[PDB]
């Protein structure tokens, strides 16, 4: 009647791979560097405690609950908790967000496979600072085809394109095998390899020393409070957006994975362990690679200005430029890209599974066909992100930034207010190997929803191409929900 995680360890490593992704190694460092370093960290830690943890529990509980009744996605699950047609509609966001995010994230992930291939085989640039960074800027710019003139059009390289195809093939070959034999098996290999590669890279970074500094200066920058910044709302917004992204909250992905957890299996400890594994990967591992390397070679002020330059400057340009000045630096680049790739891959399979679970659960497609149609929608749609300059940024904003925070508050209200605070509490704790601390009941019912509602309260014409397409996506998925509900009646 339903697929199930085979083992507790597999469960937890799958969920950890869901969370531990590009957010940890690329987004975190830039977010932290742009927002004062340790000035970012206080709100980040508070957000983890007031949003992260409690939404994680709530999403596992929603998933396990839907899964016991044969439903893994939010159009059905929201309706099970609130019997109103509007529940189904709000529910479409938890298919739309992950699909929209999958569209650009799988492409960025393919970049890491491509750069990994090129770094391994040594087809890389050979290098004044601008004189060292420029060939790496050009190498990224040719790969993705950054516009050279006024037209907002991208020309990715043939190699970029084919590597996107291979990346899709790889996602598909894991997903097509299912939960236990696909995602779970694969997490048990990927997560230890990922942890080992990151540890190696931190160790190697910790030894960098130049006339402008050492790695320790980067660790000081990141872990040193600046209580002046606690007053700035932007830091708080940045901190909470990062918490959501990094924990996969509000993307419907945690829910969908929890729907393969057996009805009475614990979610309290398992939920907290996944969350905690992600935070360690983010702040110890992701926090100790990029910022420290950048600071050791350029000093703080220049590392910050680099972070501010682009989402991708640090990870795809600067870090390999820095590695190129060290013995075996091209192979270190390889290992960094290969780290990003398995990090991406364990996350992208998590953000495709919701659309798969919808097609299997609500429309009764076989797994084969659900995975293939999903790959086809994501592949097709990614042509927008590959060819239209700033389409990616637009999707990341509506779905990956705003959308997720909105959807997180929505699922909280649906589960904890409408369905019932006490019934939600009970459902979270049922089968617990530990119980949720009792103060969290008040955090979930009052603090988390207030925190988020407060935050929420506080371009070129081609953006409309992207808005139009991703609104069309929402209408298409709303239509599929409609068909699913008409298949129930027959």
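Positions refer to the first chain, counted from 1.
- Gap check for residue 127 to residue 128: 4 to 9 deposited residues are absent from the model.
- Where coordinates are absent for parts of the deposited sequence, a chain break appears; between neighbours residue 458 and residue 459 it spans 10 or more residues.
- Averaged over Cα atoms, the B-factor as recorded in the entry is higher for 216-224 than for the other of 216-224 and 184-192.
- When the two stretches 285-293 and 231-239 are set side by side, the higher mean Cα temperature factor goes to 231-239.
- Among 432, 54, 63, 29, the highest C-alpha B-factor in the deposited entry belongs to 432.
- Of all the options 360, 138, 394, 150, the entry's greatest CA B-factor is assigned to 150.
- Annotation for residue 109: CA B-factor lies in the lowest third of the chain's modelled residues.
- Sort the modelled residues of the chain by CA B factor and residue 336 lands in the lowest third.
- Among the modelled residues of the chain, residue 369 sits in the middle third by CA temperature factor in this PDB entry.
- In the PDB entry, a CA B factor belonging to the highest third of its chain's modelled residues is recorded for residue 302.
- Per the PDB record, residue ranking by Cα B-factor puts residue 464 in the lowest third of the chain.
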